[PDB]
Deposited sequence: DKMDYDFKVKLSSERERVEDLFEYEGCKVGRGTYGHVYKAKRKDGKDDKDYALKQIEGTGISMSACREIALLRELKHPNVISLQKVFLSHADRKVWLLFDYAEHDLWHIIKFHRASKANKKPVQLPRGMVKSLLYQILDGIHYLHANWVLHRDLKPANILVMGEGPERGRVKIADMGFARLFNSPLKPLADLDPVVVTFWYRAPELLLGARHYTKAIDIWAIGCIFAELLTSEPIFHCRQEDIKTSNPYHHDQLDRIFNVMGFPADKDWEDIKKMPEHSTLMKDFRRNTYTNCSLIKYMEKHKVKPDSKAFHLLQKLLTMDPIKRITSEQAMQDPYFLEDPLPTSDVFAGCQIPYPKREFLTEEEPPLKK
């Protein structure tokens, strides 16, 4: 390697530790890696930034996908990659995003925790922006492939107050509460329909503060399927005609009898959680949570649902100017 080329680049290369203060500012740990709430050292602005140190050294498959896709994608409801740092000493990759104080996991947890002692307008506005973000991705042939409350961010106080940001574009290809039944019966490819089922599960959870297909923690998963049928009922032959083509169908026939779920339907489940089966919300929910993936509503069709024309209309700030009661992110002082 040419020496002058090498030192020229070493001189000019911006290093993450010189540009950003983030020591002791870790807000999350997971398979994604390490996320920090960071500020600029050369204080041109006073904005909060999210800095993610990716899992492992070098460029993983997961990291390649997120970097590749977020470099291209631009939409108000998809998180924006601001910068990439490549640290040559330790071979660590850093990704810079704008900082989201909240997400659906924590918003949902706040309301579920209150049940020992969500506004409906916020529920509609959240759903609309999720669909809008996912429609944009689907229009560009990008599947998220693991949508859940934990990776649907919501901006806190600032110029983007209450704006949804879909995050985590690293799913390159445990609990299965958001996984569509075709995956559980051995579907070989990810699809757009699979993302829409997940949005269905998320919407049910926004309405009840409860994970609809909650289950105790080889694509065939008996207990997860059992929970889905206890909520939805067991699918009729005409409801899902291509179920026979699924690799795990004989196992399903072996382990399950339709008669076990005779009194089970989404109507009766949602009736227990005080959601009206006559509501436009319920009818939209039911179309998202259709068992046969080819009979599932698309993102664009869901966005055109009369639910979103009904009062109250979805707002761009999901909190609608009202005071944010959800706490700020705590810093993690755990060793590991």
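Of the deposited sequence, positions 1-2, 120-124, 181-196, 241-246, 366-370 lack any modelled C-alpha atom.
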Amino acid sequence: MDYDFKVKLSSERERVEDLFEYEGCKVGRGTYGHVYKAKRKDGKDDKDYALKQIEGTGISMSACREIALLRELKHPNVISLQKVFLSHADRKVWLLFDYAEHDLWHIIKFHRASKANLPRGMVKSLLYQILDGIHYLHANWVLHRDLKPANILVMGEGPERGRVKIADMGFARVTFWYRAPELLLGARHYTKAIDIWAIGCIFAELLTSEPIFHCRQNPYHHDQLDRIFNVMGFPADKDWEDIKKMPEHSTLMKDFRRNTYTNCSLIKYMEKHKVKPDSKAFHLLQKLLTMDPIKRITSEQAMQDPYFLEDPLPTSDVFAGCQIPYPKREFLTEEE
From here on, numbers count along this sequence of modelled residues.
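Definition used throughout: the rigid core is the maximal C-alpha set that superposes within 1.5 Å between two forms.
Of the two segments 122-130 and 88-96, the one whose CA positions lie farther from the displayed form in 9 other deposited structures of this protein, once all are superposed on the rigid core, is 88-96. Relative to the displayed structure, the C-alphas of 161-169 lie farther away on average in 9 other deposited structures of this protein than those of the other candidate, with 161-169 and 105-113 compared after rigid core superposition. Across the other PDB entries of this protein whose models span the neighbouring residues, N218 goes unmodelled in a third or more. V174, present in the displayed chain, goes without coordinates in a third or more of the other PDB entries compared that cover both sides of it. Between the stretches 89-97 and 193-201, it is 89-97 that shows the larger average CA temperature factor. A summary of the deposited B-factors shows that, of 157-165 and 129-137, the stretch with the larger mean C-alpha value is 157-165. Note on the listed residues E66, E300, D292, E271: the highest Cα temperature factor in the record is that of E271. Comparing the listed residues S80, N77, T175, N151, the entry records the largest Cα B-factor for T175.
Placement of the Cα temperature factor of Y32 within the chain: middle third of the modelled residues, per the deposited record. Residue-level temperature factors show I243 in the highest third of its chain, judged at the C-alpha atom. Per the deposited record, the Cα B-factor of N117 falls in the highest third when ranked against the other modelled residues of its chain. For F171, the recorded CA temperature factor ranks within the highest third of the chain's modelled residues.
Among the modelled residues of its chain, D237 has a C-alpha B-factor that falls in the highest third according to the deposited record.
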